[PDB]
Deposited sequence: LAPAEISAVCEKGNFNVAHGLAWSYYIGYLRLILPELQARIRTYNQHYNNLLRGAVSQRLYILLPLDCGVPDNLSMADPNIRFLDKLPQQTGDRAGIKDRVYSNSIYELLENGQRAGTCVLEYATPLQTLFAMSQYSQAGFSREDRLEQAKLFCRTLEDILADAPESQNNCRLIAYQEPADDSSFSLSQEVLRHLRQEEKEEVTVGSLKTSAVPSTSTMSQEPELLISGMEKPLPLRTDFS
């Protein structure tokens, strides 16, 4: 349904532009940090803006250097990404570039706006469909090769979730 389009949009408008240059940006910063972009997909579409206050064991460290380009008439559109440390029992246990898949917010907001024709009951299904479509896209995308990881989850810890994947 709507999720198919937002997944394709997430790829075309973002992932395919930044993933090719992401390893370049991460070496420039080391000049410690995983070489993948970790993408959080909460299946209830509960996407906070402040990630550090969503789990005390996730902590903002720094921004990667910016990637800019002219895009659809906007001069120097800016793609920035944030680096986080992940704590476990008061120890720095991992560091990575981490974010939520923003289009899940669109799913959320559409579910609240009556004009959008999208019930609040359909949110989980659309999130699943979005996750599936994005998986299918990335499995076959040349810009992805390592490069990034989808972390999908459903809340009945986040930092432990992320840390598992970082484990080897």
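Missing from the model relative to the deposited sequence are positions 1 to 15, 47 to 54, 180 to 185, 198 to 241 (no C-alpha coordinates, numbering from 1).
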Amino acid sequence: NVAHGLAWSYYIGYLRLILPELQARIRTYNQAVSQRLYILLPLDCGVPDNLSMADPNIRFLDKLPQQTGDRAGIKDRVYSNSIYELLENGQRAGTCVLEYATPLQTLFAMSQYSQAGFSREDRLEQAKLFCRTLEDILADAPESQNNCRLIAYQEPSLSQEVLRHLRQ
From here on, numbers count along this sequence of modelled residues.
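Rigid core: the largest C-alpha set superposing within 1.5 Å between the two forms.
Annotation: of the segments 109 to 117 and 96 to 104, 109 to 117 departs further from this form in 5 other deposited structures of this protein (C-alpha atoms, root mean square over structures and residues, core superposition). Rigid core fits of the other structures in 5 other deposited structures of this protein place the C-alpha atoms of one stretch farther away on average; of 38 to 46 and 138 to 146, that stretch is 138 to 146.
Across the other compared structures of the same protein with both neighbouring residues present, residue 90 carries coordinates in every case, with no third of them leaving it out. Per the records, residue 52 is modelled in every other compared entry, just as the shown structure includes it, so no third of them leave it out. Looking at mean Cα B-factors across 51 to 59 and 33 to 41, the upper value is held by 51 to 59. According to the PDB record, 64 to 72 carries the higher mean C-alpha B-factor of the two stretches 100 to 108 and 64 to 72.
Per the PDB entry, 158 shows the highest C-alpha temperature factor of the residues 158, 18, 152, 12. Placement of the Cα temperature factor of residue 139 within the chain: middle third of the modelled residues, per the deposited record. Residue 132: CA B factor lies in the middle third for its chain, per the PDB record. Among the modelled residues of its chain, residue 28 has a C-alpha B-factor that falls in the highest third according to the deposited record. When the CA B factors of the chain's modelled residues are split into thirds, the value for residue 114 lands in the middle one.
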